[PDB]
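Respectively, the protein sequence lines represent chains A, B and C. The authors' numbering applies: residue 1 is where the first sequence begins, and numbers increase by one. Numbered according to the authors' numbering, the second sequence spans residues 2 to 131, 136 to 217. The authors' numbering applies: residue 389 is where the third sequence begins, and numbers increase by one. Beta carbons are placed, not taken as given, at the ideal position from N, Cα and C, and that holds for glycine.
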Amino acid sequence: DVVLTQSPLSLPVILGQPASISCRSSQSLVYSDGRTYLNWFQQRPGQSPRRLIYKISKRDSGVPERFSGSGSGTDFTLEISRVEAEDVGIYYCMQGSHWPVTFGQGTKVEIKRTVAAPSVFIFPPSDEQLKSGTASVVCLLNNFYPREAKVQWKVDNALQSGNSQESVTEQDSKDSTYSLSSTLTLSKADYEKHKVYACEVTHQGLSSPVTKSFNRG
Amino acid sequence: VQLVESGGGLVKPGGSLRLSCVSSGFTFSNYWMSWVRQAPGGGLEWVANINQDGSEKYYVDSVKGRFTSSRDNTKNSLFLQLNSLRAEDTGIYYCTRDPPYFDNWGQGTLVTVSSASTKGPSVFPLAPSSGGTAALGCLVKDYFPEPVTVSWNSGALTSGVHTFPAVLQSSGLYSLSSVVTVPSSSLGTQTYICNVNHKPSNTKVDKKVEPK
Amino acid sequence: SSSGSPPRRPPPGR
């Protein structure tokens with residue numbers, strides 16, 4: 001099997017800058033008919049791949065002109081003359097000259113924007129959920145950059161651990177921001193045993209850790 | 002040109018699953034077709050090729066003997082039969098046109114190989130309460150397998166929506182949240198409804214989210 | 389100088 005090595009694998013780019021993704025093949029990749037069957041696919045967040053380039057440099061009809069291809073033999077390149085916010089996603093190279101067709105790992109393109117602080121919201125559980133015997137309290141961090149953030153839960157100023165879990169969205173294609181939801185799960189008995197519930201958010205956009213709290217009832 | 006897959010779902014290991022792909026917008030009888038799958042947290046792996054009339058069928062080595070193809074050019078349809086399913090067969094199965102060009106792809110269908118059972122979701126409001138922007142959402146808890154799709158006001162509300170990726174709870178069930186930020190001055194004016202869909206368990210919830 | 393013939397079936401001798 002031919003191995004396709006992509007480099008770099010993570011590509012944070014300032015908006016508008018050019019970018020280049022390299023694809024290195026383990027074998028010659030020139031087929032017996034003289035053609036080189038090397039493709040480039042773009043998988044934007046939440047979507048299936050879509051072809052960008054076929055045969056090294058031939059661009060598809062539905063692809064913007066700022067995408068181009070180059071190379072020969074074992075070294076190939078996807079070029080983006082100007083990286084737009086909507087170009088965030090994973091870029092794969094693919095070869096079809098050797099059996100079977102194989103893909104590279106994929107290069108995740110990320111827009112490097114200016115820092116934004118997370119708008120923080122906390123949600124007490126729903127009366128319907130407590131009727132069911134469990135309590136989930138949600139902490140929301142909305143439209144922040146960079147991605148790195150730390151959320152800590154405290155019930156009556158008691159640090160929690162092992163009971164919460166968080167989830168972060170892919171980079172937004174419009175404002176290049178992230179969003180994170182951290183859910184703290186407790187039992188209805190444990191929930192109605194304490195009064196103050198808070199999540200503490202530390203982020204680069206905040207000078208000090210911001211805390212959002214509610215008092216049960 | 003359109004490609005639509007179906008048939009993906011939860012299947013216990015060793016079980017069987019039949020995937021279908023219906024095509025539109027081109028003379029189906031003229032193109033080779035191919036299947037490509039995408040592992041969880043992973044990239045792409047070619048799976049299968051099929052001839053214009055289905056006389057030639059080729060497969061990736063890791064599935065040789067377990068997968069079989071068929072084609073029905075009278076109904077512009079392509080099929081893939083998955084037998085003796087292993088855990089590593091989990092992933093999104095894409096229907097693609099014309100290998101080795103793969104110029105068009107379907108939206109994909111999810112195959113989850115697991116002994117776990119299908120679970121319906123519990124949909125609970127994430128109410129907003131008391136700056137100039139209110140956040141409100143919906144909690145879709147304790148469901149298996151994936152996917153779940155959330156929309157707001159039947160698609161009429163799109164700006165500000167964030168439907169998070171699911172998380173696997175320690176219970177072995179998924180849970181995600183869909184939030185939307187809206188002007189706080191439109192809480193007693195505009196109605197907000199979250200439209201949850203979990204087709205594996207035939208669940209459809211339209212919950213109005215209101216404050217207090 | 390060859391014309392175009394894309395590879396869609398495995399090579400003989402696998």
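Per DSSP, the bridge partner or partners of residue i
i        : result
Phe29/B  : Bridge partners of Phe29/B: none, in fact.
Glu166/A : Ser182/A
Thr138/B : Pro188/B
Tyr92/A  : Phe41/A
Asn142/A : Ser119/A
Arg72/B  : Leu79/B
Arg38/B  : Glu46/B and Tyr94/B
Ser7/B   : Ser21/B
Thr113/B : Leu11/B
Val155/A : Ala158/A and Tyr197/A
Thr134/A : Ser187/A
Assigned secondary structure, residue i (DSSP; H/G/I helix, E/B strand, else coil)
i             : result
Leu9/A        : coil
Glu89/B       : helix
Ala189/A      : helix
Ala85/A       : helix
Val109/A      : strand
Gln129/A      : helix
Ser161/A      : coil
residue 135/B : Residue numbering in chain B jumps from 131 to 136; residue 135/B, which lies between, is not modelled.
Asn200/B      : strand
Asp99/B       : coil
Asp62/B       : helix
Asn215/A      : strand
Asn105/B      : strand
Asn50/B       : strand
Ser22/A       : strand
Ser389/C      : coil
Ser21/B       : strand
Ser159/B      : helix
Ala198/A      : strand
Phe149/B      : strand
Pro126/B      : strand
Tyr31/A       : coil
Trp99/A       : coil
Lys213/B      : strand
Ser118/B      : coil
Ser176/A      : coil
residue 290/A : It is not possible to answer for residue 290/A, since the shown part of chain A is limited to 1 through 217.
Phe169/B      : coil
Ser56/B       : coil
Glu148/A      : coil
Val2/A        : coil
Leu78/A       : strand
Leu181/B      : strand
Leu15/A       : coil
Nearest-angstrom Cβ-Cβ length linking residue i and residue j, presumed shorter than 8 Å
i        : j        : result
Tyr37/A  : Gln95/A  : 6 Å
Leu141/B : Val185/B : 6 Å
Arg59/A  : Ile53/A  : 6 Å
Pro14/B  : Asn50/B  : Going by Cβ atoms, the distance from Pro14/B to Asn50/B rounds to 26 Å, so no, they are not a contact pair.
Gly9/B   : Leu111/B : 5 Å
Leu184/A : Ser167/A : With a Cβ gap of about 13 Å, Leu184/A and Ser167/A do not count as contacting.
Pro118/A : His203/A : 5 Å
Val196/A : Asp156/A : 5 Å
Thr5/A   : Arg24/A  : 4 Å
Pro188/B : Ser130/B : At roughly 15 Å, the Cβ-Cβ gap does not stay under 8 Å, so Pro188/B and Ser130/B are not in contact.
Amino acids of chain C, ordered along the chain, whose beta-carbon sits closer than 7 Å to that of residue i
i       : result
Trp33/B : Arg396
Listed by chain order, chain A residues near residue i by CB distance under 7 Å
i        : result
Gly401/C : Near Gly401/C there are no residues of chain A at all, since even the closest Cβ is about 11 Å away, more than 7 Å.
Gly44/B  : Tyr92, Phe103, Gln105 and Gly106
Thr186/B : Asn142
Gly109/B : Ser48
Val172/B : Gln165 and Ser167
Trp106/B : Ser48, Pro49 and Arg50
Where residue i meets chain A, residues with beta-carbon distance less than 9 Å
i        : result
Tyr102/B : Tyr37, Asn39, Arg51, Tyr54, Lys55 and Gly96
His167/B : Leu140, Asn142, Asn143, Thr169, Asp172, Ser179 and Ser181
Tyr95/B  : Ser48 and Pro49
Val64/B  : Here the premise fails: no neighbours, minimum Cβ distance about 11 Å.
Interface partners of residue i on chain D, CB under 9 Å
i       : result
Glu57/B : As a matter of chain content, chain D is missing from the structure shown, whose protein chains are A, B and C.
Chain C contact residues for residue i, given Cβ-Cβ distances below 8 Å
i       : result
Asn50/B : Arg396 and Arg397
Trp99/A : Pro395, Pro398, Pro399 and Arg402
Interface partners of residue i on chain B, CB under 8 Å
i        : result
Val138/A : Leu127, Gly142, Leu144 and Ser182
Contact set between residue i and chain B, taken where Cβ atoms lie within less than 7 Å
i        : result
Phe121/A : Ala140
Chain-ordered chain A contacts of residue i [CB-CB under 8 Å]
i        : result
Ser123/B : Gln129 and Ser132
Heavy atom of the ligand GDP within 7 Å of residue i beta-carbon
i       : result
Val12/B : The ligand GDP is absent from the structure shown, which contains no ligand whatsoever.
Neighbouring residues, chain B, relative to residue i (Cβ below 9 Å)
i        : result
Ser126/A : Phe125, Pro126, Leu127, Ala128 and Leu144
Contact list for residue i against chain C, beta-carbon separation under 9 Å
i       : result
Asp33/A : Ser390, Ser391, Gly392, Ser393, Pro394 and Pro395
message: For a minimum of 3 consecutive residues, which ranges assigned as the beta strand (DSSP E) are wholly contained in the region 37-74 of chain A?
response: 38-43, 50-54 and 67-72
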